[PDB]
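Here is the structure we will look at, set down as structure tokens.
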Amino acid sequence: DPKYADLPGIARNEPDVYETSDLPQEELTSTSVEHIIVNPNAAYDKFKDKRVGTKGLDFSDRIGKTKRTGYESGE
Amino acid sequence: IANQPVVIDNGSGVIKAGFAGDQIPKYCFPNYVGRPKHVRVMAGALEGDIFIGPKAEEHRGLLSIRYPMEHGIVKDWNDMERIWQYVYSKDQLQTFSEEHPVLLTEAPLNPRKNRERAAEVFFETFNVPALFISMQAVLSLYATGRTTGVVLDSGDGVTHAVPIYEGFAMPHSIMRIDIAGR
Ligand SMILES: Nc1ncnc2c1ncn2[C@@H]1O[C@H](COP(=O)(O)OP(=O)(O)O)[C@@H](O)[C@H]1O
């Protein structure tokens, strides 16, 4: 009796939850495009020590020479 | 001493090569000189641009070509040197300059200054012990075995007819027109 005789206007006997009952791609047939089985370390060893050098790494839309192709120095 | 020379057959466009006493010129290809017609950024390619050899056929639609041996006469000395350096590659030669002599071909009626500069290259930059260059008609004589006769040869842009009896020259008798297949 927290407030039974005290206050007769407070809720009880209420099942306000509203229940229910327990009642519970890879079309590779085509020949469209391949994939590669990821192995980050394999590709890491693939691109292992490419000493690419960026001498004059310029790719602007400048017009003053013949052509521009950076990422060119090697070992 | 033992230094087998290398028979190197030049030509208008094509060059052939193989050691002495062989039967087939071990390496043959033309004056194709290429370098990438495009721009690469992403890693995976090769670097240097002087990519001439089987890679050129492998990468035809990628590089720009040129032929500096105009009518059998060298223009881009530097590039010809590079070509010859490519010839000097291991899988291409494995030998050194001083290690072996070389035989070469002379297309007649050309300025000898070409030969001058080239001789300076092969005997100063490279240091070949001896290098002889000669008339291509003599080559045909040995192939035929005969010594009398005329021989008109034609590469890709030069034609020359050589009338020589018994291997004995008649320089005035020789004639030519330098234009062919190109
Ligand atoms: N199958 C072919 N049909 C027509 N012409 C050819 C053929 N093969 C080669 N040629 C031409 O004949 C020439 C061969 O003569 P050669 O003097 O050996 O040439 P090069 O002077 O270029 O070495 C080549 O330069 C080429 O232009």
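We place every Cβ from the backbone using ideal geometry, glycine too, and count neighbours over all the protein chains shown. Bear in mind these aren't lab numbers, they're just calculated from the coordinates by the rules spelled out.
In peptide B:42-53, what is the residue-averaged number of other protein chain Cβ atoms found within 10 Å of each Cβ?
Values: counts 2, 5, 4, 5, 1, 10, 3, 2, 0, 0, 0, 0.
Per residue, the average neighbour count from other chains is 3.
Here the spin labels are modelled as points 7 Å beyond Cα on the Cα-Cβ line, and at B:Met175 and B:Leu139 they lie 2.4 nm apart. Kindly state, to the nearest 0.05, the FRET efficiency for B:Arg112 paired with A:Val38, given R0 = 51 Å and r defined as their beta-carbon distance. E(calc), rounded to 0.05, equals 0.20. Between B:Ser89, B:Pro163, B:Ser140, the Cα set farthest toward the positive side of the dipole of the protein assembly as shown (charges on each charged residue's Cβ, about the Cα centre) is that of B:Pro163.
With an 8 Å cut-off on Cα pairs and a minimum separation of 6 or more residues, tell me the relative contact order of chain B in percent. Worked out over chain B, it gives 18 percent. In this structure, the amide hydrogen of B:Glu70, modeled 1.01 Å from its nitrogen in the peptide plane, lies closer than 5 angstrom to those of B:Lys75, counting only residues at least 5 positions away or on a different chain. State whether segment B:94-141 is rounded, prolate or oblate according to the following rule on the C-alpha gyration tensor (a ≥ b ≥ c being the square roots of its eigenvalues): a/c under 1.5 gives rounded; otherwise a/b larger than b/c gives prolate, and the remaining case gives oblate. Since a/c reaches 1.5 but b/c is at least a/b, the shape of segment B:94-141 is classed as oblate. Karplus-based coupling profile of segment A:58-75, in residue order and whole Hz: 10, 10, 6, 8, 7, 10, x, 9, 8, 8, 10, 8, x, 6, 10, 7, x, 5, with θ = phi - 60° in 6.51 cos²θ - 1.76 cosθ + 1.60 and x standing for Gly or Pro.
The mean number of Cβ atoms from other chains found within 10 Å of a Cβ in peptide A:65-71 is 3, as a whole number.
Going by average Cβ neighbours within 10 Å, how do the peptides B:46-59, B:155-168 rank, with the highest at the top?
Values: B:46-59: 13.6, B:155-168: 16.9.
Per-residue mean Cβ counts within 10 Å order the peptides as B:155-168, B:46-59.
Sorting B:67-74, A:4-11, B:31-38 by their mean Cβ neighbour count within 10 Å, with the most densely packed peptide first, gives B:67-74, B:31-38, A:4-11. Averaged over the residues of peptide A:46-53, the number of Cβ atoms from other protein chains lying within 10 Å of each residue's Cβ is 2.
Using the Cβ-Cβ distance between B:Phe96 and B:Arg40 with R0 set to 45 Å, the FRET efficiency works out to roughly 0.85.
In summary, the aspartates and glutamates within cross-link reach of A:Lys67, defined as a Cα separation below 12 angstrom excluding same-chain residues under 8 places away, comprise A:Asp58. Who wins for biggest fluctuation among B:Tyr27, B:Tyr142, B:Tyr86 in a Gaussian network model of chain B, springs between alpha carbons below 10 Å? Of B:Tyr27, B:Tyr142, B:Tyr86, the Gaussian network model singles out B:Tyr142 as fluctuating most. Residues A:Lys50, B:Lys113, arranged from fewest to most other Cβ atoms within 10 angstrom of their Cβ, appear as B:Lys113, A:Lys50.
Sorting B:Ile177, B:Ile83, B:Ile1 from the fewest to the most surrounding beta carbons within 10 angstrom yields B:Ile1, B:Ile177, B:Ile83.
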